[PDB]
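What follows is one chain in structure tokens, specifically the form deposited in one PDB entry.
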């Protein structure tokens, strides 16, 4: 309904102008507001098929139907003559700053989603605060503004992956004619960490400057929602106070889990600690088999480490298991050992970490396999990657009424709204959604536009592409082969597949038939592409563009009629022809 949209837009927007692009009265009001440095949203009624119906609905509030009409926080302010009179009498600034709450928007959490939502809301005149606080890890690690991805996630992880990839580039360079000897070259962990941490510091600073430039209030304080519109904040000096806000966005993210075994918290570490560790981990055990576990084990092996991965059941649960097994097989042939069907029982300390000279300690890990056989081996570093969890008990008083699911994540509708109407949740704490940085950013930006600029567009969470940055990378978009068969039946699924060899690997004498790709397709729906999978170098660059085509409903015929770019790895998708049902080998 047009009238329900208009009622919601008026009640929600901080400062909004209803306009037409061809009206010189509307242009004149825009110029007044611009000169007054008053930020606002604008709706151009002449670009909307229902613009005339909107004009009649506006008279509900204003008892006029003409354009322009200015609103502030649910209340009609005036037409052109009224707005210009307030300005000429120096009354306009006071009217547009009048609010019942301290802020139009309070964002709890200053990470991927929360910073994006706060910056976007401020563009439309929402008076906005962003709260961020980083509870230290058990050994004391903490960091600055920007969230998990910036400080202890995608950003440092991919930079250390790049340092690992450069090991193989140095080797390949000999074959391509360069005079170096890879056998005589080693890696300095502390030099890498110093550069990674210096880049992260520039990002912390840039986010502070960006908030100041958008007139967003940044508070380095711990927030707790105690009623629908009240947030209790605790200072760095432990001073406690309360601020109020009209809309609330919860964006507090997750932290790593520890297993409930003796010694884990005291003597192990997680990804939170790894990316700033001042000593090389040395002989390392990674416990777990998530993409975090395998990414970290992979680059530690390429940087000279002796690395073992302890796997409870399978690798990359939730991902296509043919692809997961090929990922691990490459890792095992390139220096990662696996202890399969095995879990830990206790971590004992044999030597304390030498903080003065930057050397790891020594640990005795005891565990057991599923048959019953015992595990016992010494490691210098033990990294836990056994999942991540929110801690919303700290963030959210139970009496507010925001409903959580059985894992402690927020139950939201398709507009990110919680069970309390003015409170929203974005990012990793939103139950059921893919836990990825560009998802959090899109959700936050799009939500701010609906609240403060009358937008209607929702975030689309389907067929979101992924890439696992293991030593040989794995990109995917859509269904695994096993999920497609479960949903539609084996007789309705056709799979096209092929190995390939990067041209860069020929002169370098690397493997002929390890890189692999496949398209999982539905026969009865014009051979629709249900899922795309690729194992190879630069897999995130390969996969990204196809995600647009899959959103558009690409079929196998759409891939066939498109011409390849030569020489690339990605062009192999344009000539796939071997089906799995045919039994013909996929090798090159």
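Numbering follows the first chain given and starts at 1.
The same protein also exists as the form deposited with a small molecule bound; that form is not shown, yet it is the one meant from here on.
Participant: Establish, in the bound PDB entry, whether 98, 99 and 199 all lie within 4.5 Å of the small molecule, using non-hydrogen atoms for the distance.
Facilitator: No, the whole trio is out of contact, none within 4.5 Å by any heavy atom.
Participant: Give a yes or no for residue 487: in the bound PDB entry, does one of its heavy atoms lie within 4.5 Å of a heavy atom belonging to the small molecule?
Facilitator: Although the small molecule is absent here, residue 487 would stay clear of it in the bound PDB entry, with no heavy atoms inside 4.5 Å.
Participant: I'd like to know if residue 238 sits close to the small molecule in the bound PDB entry, meaning any non-hydrogen atom pair within 4.5 angstroms.
Facilitator: Residue 238 belongs to the contact set for the small molecule.
Participant: Would residue 86 sit within 4.5 Å of the small molecule in the bound PDB entry, counting heavy atoms only?
Facilitator: No, no contact at 4.5 Å.
Participant: Quick one: does residue 512 come within 4.5 Å of the small molecule in the bound PDB entry, counting heavy atoms only?
Facilitator: The answer is no: residue 512 has no heavy atom within 4.5 Å of the small molecule.
Participant: Between 74, 262, 206, 335, only one gets a heavy atom within 4.5 angstroms of the small molecule in the bound PDB entry; which residue is that?
Facilitator: By the 4.5 Å criterion, the partner-contacting residue is 335.
Participant: Counting any non-hydrogen atom inside 4.5 Å, which residue from 92, 221, 269, 159 sits next to the small molecule in the bound PDB entry?
Facilitator: Checking each option against the small molecule in the bound PDB entry, the one that comes within 4.5 Å is 221.
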